[PDB]
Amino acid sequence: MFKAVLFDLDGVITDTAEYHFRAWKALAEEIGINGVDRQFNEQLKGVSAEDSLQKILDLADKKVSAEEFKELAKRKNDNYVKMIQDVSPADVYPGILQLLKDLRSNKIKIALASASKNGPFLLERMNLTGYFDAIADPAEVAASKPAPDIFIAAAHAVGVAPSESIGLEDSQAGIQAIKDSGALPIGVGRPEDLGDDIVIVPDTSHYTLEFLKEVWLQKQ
């Protein structure tokens, strides 16, 4: 039986996309550009701050200095850190808390494998810190998803091999990263999005210890 579960944060444990979105929108408004709505934001999700800022400026054909670019990027980070101060246990996705408790009680290791620079803060605010055996630090990992590096680190950090682990993700790049680590992916979302070769559940309320065990037993 699997010895650990490696969690992404965004789309699995909670929604942090909402808060990047508002921070980009508050920046764009602040400098009198818009078009920064939830559709356009599809172009900003999981892309570099640099890339996000370019695309926003192109909305108004706006030109900036290097110092101005740097200040806008910082402003957005500031905005984001202000906006997540509201995060609470209320923001934990369905089934996630019960899953963590059942994993812990069965002595299965729990690790976070997230690019979030605020993972430890967010998990504290959601009252989930105690369940986690480790949080992979993205500042200490060489390559971002879909590279496997983050999931390897999260497994290693709790004393297991990725081939002893299940990884939970909602993104194409995240699923691929789990696969290349050697871990077994269980997706949350749409096969249209994440592939036909893996077990996908429609939402997080399907992520149960029972379900995870049945999938493990039925794997490759």
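From 1 onward, residues are counted along the sequence shown.
- As the entry records it, the average C-alpha temperature factor is higher for 79-87, out of 79-87 and 118-126.
- In this entry, 54-62 shows the higher mean Cα temperature factor of the pair 54-62 and 183-191.
- Reading the B-factor column for the CA atoms of 99, 113, 141, 134 in the entry, the top value corresponds to 141.
- Remark: residue 164 belongs to the lowest third of its chain, ranked by C-alpha B-factor as recorded.
- Placement of the Cα temperature factor of residue 40 within the chain: highest third of the modelled residues, per the deposited record.
- Sorting the modelled residues of the chain by their CA temperature factor places residue 10 in the lowest third.
- Compared with the other modelled residues of the chain, the Cα B-factor recorded for residue 215 ranks in the middle third.
- Compared with the other modelled residues of the chain, the Cα B-factor recorded for residue 48 ranks in the highest third.
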